[PDB]
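Here the structure is laid out as structure tokens; the discussion comes afterwards.
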Amino acid sequence: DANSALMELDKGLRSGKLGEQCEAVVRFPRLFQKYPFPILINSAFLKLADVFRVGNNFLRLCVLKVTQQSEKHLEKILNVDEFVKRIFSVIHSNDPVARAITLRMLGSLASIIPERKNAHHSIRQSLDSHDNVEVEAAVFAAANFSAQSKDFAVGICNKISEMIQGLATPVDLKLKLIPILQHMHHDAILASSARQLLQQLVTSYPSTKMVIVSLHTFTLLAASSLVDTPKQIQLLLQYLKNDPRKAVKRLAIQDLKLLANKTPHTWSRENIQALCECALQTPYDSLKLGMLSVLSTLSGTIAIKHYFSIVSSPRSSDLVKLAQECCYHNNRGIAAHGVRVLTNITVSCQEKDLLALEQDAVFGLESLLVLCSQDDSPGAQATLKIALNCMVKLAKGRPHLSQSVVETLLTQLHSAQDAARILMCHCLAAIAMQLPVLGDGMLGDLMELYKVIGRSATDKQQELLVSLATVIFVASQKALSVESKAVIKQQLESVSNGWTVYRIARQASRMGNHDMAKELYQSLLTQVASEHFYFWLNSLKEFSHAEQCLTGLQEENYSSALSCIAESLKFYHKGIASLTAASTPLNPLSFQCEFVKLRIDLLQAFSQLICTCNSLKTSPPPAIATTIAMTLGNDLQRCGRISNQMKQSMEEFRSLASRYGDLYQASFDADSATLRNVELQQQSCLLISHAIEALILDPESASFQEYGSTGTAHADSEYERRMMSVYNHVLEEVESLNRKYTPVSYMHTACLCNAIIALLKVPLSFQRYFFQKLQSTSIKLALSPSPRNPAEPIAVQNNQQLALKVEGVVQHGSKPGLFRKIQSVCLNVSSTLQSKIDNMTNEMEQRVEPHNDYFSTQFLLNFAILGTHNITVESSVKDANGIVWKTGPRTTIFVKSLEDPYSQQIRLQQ
Amino acid sequence: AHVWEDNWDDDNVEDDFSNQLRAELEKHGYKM
Amino acid sequence: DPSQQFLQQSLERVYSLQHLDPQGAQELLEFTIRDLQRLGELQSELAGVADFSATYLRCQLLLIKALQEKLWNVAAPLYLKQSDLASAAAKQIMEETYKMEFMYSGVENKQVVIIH
């Protein structure tokens, strides 16, 4: 079929009409991107070279555009000498247009022929011919060959220097001729010669149109060949200070931005000081804006430590004065970059005198808040989002100013005109997500803004409603007030979309307000339309209801606690049934079902453990004293059937922790928050395991003290902080009670019950990968043995070997590198005796690295067994930093095994 | 960068499943 | 010798800017690593010494990342699984020290005792 398409396109080429010839020629790139077969590519390219050697110049332009489009397949071309011989053989024509087209095609073939001396020579000769269109085509071809070669670059730099000094050709051709010197980053001496040439060029031609391209090529040359970055920076600062052309100064802006973004650590203190003096001495607001953007980028980078590295007060440093005056300048963008500089320097450096800068920065910050709150322009909203970035960065870096900045943002919530409110609601949601006290400090005013929403907004009511409901949940992280949620329901039933109120419900499930979540899921359940949607909402409703029941818990009451556990477990059972109902072959809720099943099993283990804790007093010490002597107990020191059940519970909990590790390593696709949350659940399980192991079982053999750092507030969630504090509490209690009592477990059961009660008092946090999933990556992993279309086993002679030829192609549902980028694929293959040491001899694994998104690997299996065997493979996708991440299909192939009749006869004779 | 990184509330980020739910539930557009 | 002078200047920059935040140390190390790698590609006679100092800085960055791992923040008795970027770092850092000792041609005992 591919061959069929090939020669029918060849017949279209052999057709008389140049229209149809153009048709087939421009049809080739589709065939290249359909059939990557290299012999087909080579033959198609050879026919292209033939028709280009004899075509009527419009076919030639079509072939040129075909090459320039499907450039990426060029590297798999075999008959390079013949292809280049035709394409170069049409350059002796007298038609300047044909010569120009041919030279452009040589510029396109630069990827496969970068050494052709005759091509070099033809380009260099046509570079100083007179026909205009071929002169600019020669310039383009030199611009490509100088990129993928070096000796051609030194020839062209000599020729270009000669031409520019030789004064022929007009200024437009000089503009075309300058940018060749960007590709001079192959050696330092070429770089220095070109640098001297460019300095001479700028001093020789003081024109704006000259200087702009000269400076831009010079700076790309230095940024590539990063040896003369200080000379580049000081030259640019000279031209920013001295040259009065405003456009040239804007070039200096947009170039120092590039240098600051690429190589920040090369920026020096005198460079910063000179730029600061220029930014003070400038009269123009726009150029000051550009310089302030440059200083903002440099302040965000590391170079602020260079500027404030000692071996002159920081206040005596000229940067601070400029930053302050421009933050309090009238113009909005100038103020935005000033407060950016202030935020960056405050978070970055910590000296004794910077507290005044902190206060100045925060006060100018609410200045920007009021200005952007009542400006209502697109640029105003951009500067507003900049200010909110400053907020998040300042509050996270320094927790000292948190209460002040939150109350200022609440005053702006009073004083806003319902456009910026969504943005600062997101920002203050972040800030309260870090520090919890910011919500229960001022619960009331956010509810007041919530009640004025309905007659306050008309356009993005849904968006601001969702945001402010998110932050009211964050504020009422504790038990939500019935009156407050009734008001919420009143406004939602007044004006809301179903998708809107669904998003409020999802945020409620995220934070942990499960009663409100239950109500919203009940309403959405009563509407819905479709079946898996109904079952999904119903399951969510049941988990919200069970979590409500779990939050309905009393401290130090074990009977009521186990009753609540039983009720919540009934409701998870209903929910998990409805979740399996929602499950479909498409979008299969694997993570969701498995995670909620593991939560179910954790709570079942908790109920069993507290039941055995209560049954500790069910005469187990009496059974031990009746079966054996209490003194020097034969089964155990203070032996117990209860201790046997403790051993069972410890092993069960460890298995549960292993399943959590399995769930995480099979998930692999979630973000940092969700993966962290699963790690915390496994942390809780292992905490219970270590507690029951180090307290009920042998404490002398335990001998474990938590002599390590714990309790730091580097967490990403208040939920995480709460579980971590519970962990610290349990560790300190078990470390206190490690050696106090005998194994009869007098108050050991009380300590375990306290740990259980705390771990269930911290409710839950339903999370993002349990909800909307991103970076859906997959491995197809098609093996290619002898093809077993049915389940018929594959016969092998069993005397030689067997080859496998496994293949895998990786696919991505979106931008693949959202969180984790695939690096290597550890395939793992093993055998098993299907007809019953389980054929675990061949335990191969191979780490193939996919250079492209397709890979293949050959495996050899050896076996001399009569029976059928199953062969299993695994993907073991291992990421950039290096993690196991057990994902992949794990497919199996049946293999038969028969033997030679001559071999069987010889064995019978044996 | 955006104002808040852990933002579940954004349009183009959300995937196919509750895109279909969005289509249905925007068609519905009310709660009792 | 602009290339040699620049290499010396970048190395002394790192040596002087040692006394700062672990995060800023991480970005400075990454920047200088890709810088010296670019120089080793760029020239030929400085390629060996450039790559040698570059893999030494990679060594140091690897150890600092292993120290700044959150395992130390988390309490001792847990040590869950798969967070052992510290352990993978230890294996890679030992292999790089062996490589850095033997695959290179000119090494003197000052460098050798630094390696050890």
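Report every pair of residues separated by at least 6 positions or lying on different chains whose Cβ atoms are under 6 Å apart, first residue within segment B:1-23 and facing another protein chain (nearest Cβ under 7 Å) and of a type in the set (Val, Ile, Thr), second crowded, with 17+ Cβ neighbours inside 10 Å and in a helix (DSSP H, G or I).
B:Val3/A:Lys385; B:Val3/A:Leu388; B:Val3/A:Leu423; B:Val3/A:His426; B:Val3/A:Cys427
All but one of (1) part of a helix (DSSP H, G or I); (2) over 19 Å from A:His121 (Cα atoms); (3) within 44 Å of the chain's Cα centre (by Cα); (4) not basic (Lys, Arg) hold for A:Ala110; state the number of the condition that does not hold.
Among (1) part of a helix (DSSP H, G or I); (2) over 19 Å from A:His121 (Cα atoms); (3) within 44 Å of the chain's Cα centre (by Cα); (4) not basic (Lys, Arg), A:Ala110 violates only (2).
Only one residue in A:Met630, A:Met650 is in contact with a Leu (Cβ under 8 Å, 6 or more places away or on another chain) and either farther than 30 Å from A:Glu874 by Cα or more than 14 Å from every other protein chain (Cβ to nearest Cβ) (or both), so which one is that?
A:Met650
Please work out which residue is farthest from the other protein chains (Cβ to nearest Cβ), limiting yourself to segment A:443-456 and to residues that are of a type in the set (A, V, I, L, M, F, W, C) and buried (at least 18 other Cβ atoms within 10 Å of the Cβ).
A:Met447
For residues in segment C:60-83 being of a type in the set (D, E, K, R) and over 19 Å from the mean Cα position of the chain (by Cα), which is nearest to C:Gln26 (Cα to Cα)?
Top of the filtered list is C:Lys70.
(1) of a type in the set (S, T, N, Q); (2) more than 12 Å from every other protein chain (Cβ to nearest Cβ); (3) under 30 Å from A:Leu553 (Cα atoms); (4) not in a loop (DSSP other than H, G, I, E, B): which one isn't true of A:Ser725, the others all being true?
Among (1) of a type in the set (S, T, N, Q); (2) more than 12 Å from every other protein chain (Cβ to nearest Cβ); (3) under 30 Å from A:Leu553 (Cα atoms); (4) not in a loop (DSSP other than H, G, I, E, B), A:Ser725 violates only (2).
Restricting segment C:1-46 to residues that are aliphatic (A, V, I, L, M) and within 13 Å of C:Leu61 (Cβ to Cβ), which is nearest to the other protein chains (Cβ to nearest Cβ)?
It comes out as C:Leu28.
When C:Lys99 is evaluated against the numbered criteria (1) assigned to a helix (DSSP H, G or I); (2) facing chain A (nearest Cβ under 10 Å), which criterion, by number, is the only one it fails?
Against the list (1) assigned to a helix (DSSP H, G or I); (2) facing chain A (nearest Cβ under 10 Å), C:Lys99 comes up short only on (2).
Going by the structure shown, is A:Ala577 surrounded by fewer than 18 Cβ atoms within 10 Å (Cβ to Cβ) and more than 14 Å from every other protein chain (Cβ to nearest Cβ)?
Taking the combined requirement at face value, the residue satisfies it.
Taking segment B:10-32, which residues are crowded, with 18+ Cβ neighbours inside 10 Å and either assigned to a loop (DSSP other than H, G, I, E, B) or more than 14 Å from the chain's Cα centre (by Cα) (or both)?
B:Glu14, B:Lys31
Within segment A:369-392, can you find the residues that are of a type in the set (A, V, I, L, M, F, W, C) and more than 14 Å from chain B (Cβ to nearest Cβ)?
Within segment A:369-392, A:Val370, A:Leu371, A:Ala380 qualify.
For segment A:815-843, which residues satisfy the criterion of being of a type in the set (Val, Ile, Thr) and under 38 Å from the mean Cα position of the chain (by Cα)?
Correct list: A:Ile822, A:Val825, A:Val829.
Can you give me the ranges of the helices (runs of 4 or more DSSP H) entirely in segment A:404-471 with at least 1 residues that are over 33 Å from the mean Cα position of the chain (by Cα)?
A:437-440, A:443-456
For segment A:751-766, does any single residue satisfy the condition of being within 30 Å of A:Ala694 (Cβ to Cβ), small (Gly, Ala, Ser) and within 24 Å of the chain's Cα centre (by Cα)?
Within segment A:751-766, one or more residues are within 30 Å of A:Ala694 (Cβ to Cβ), small (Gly, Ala, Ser) and within 24 Å of the chain's Cα centre (by Cα).
Considering only helices (runs of 4 or more DSSP H) fully contained in segment C:1-93, which possess at least 2 residues that are out of contact with any helix residue (DSSP H, G or I) (no Cβ under 8 Å at 6 or more places or on another chain)?
The helices (runs of 4 or more DSSP H) meeting that bar are C:2-16, C:22-42.
Taking the condition of being outside any helix (DSSP H, G or I) and aromatic (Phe, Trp, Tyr), how many residues in segment A:18-36 meet it?
Total meeting the criteria: 1.
Can you find, within segment A:844-902, the residue that is farthest from the other protein chains (Cβ to nearest Cβ) among those that are in contact with a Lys or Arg (Cβ under 9 Å, 6 or more places away or on another chain) and at positive phi?
The residue in question is A:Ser876.
So, in segment C:11-26, how many residues would count as being surrounded by 11 or more Cβ atoms within 10 Å (Cβ to Cβ) and closer than 13 Å to A:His306 by Cβ?
The number of residues fulfilling the criteria is 6.
Computed from the coordinates by the stated procedures, all read-outs in this text should not be read as laboratory data. FYI the Cβ positions are ideal-geometry reconstructions off the backbone, even for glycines, and counts take in every protein chain you see.
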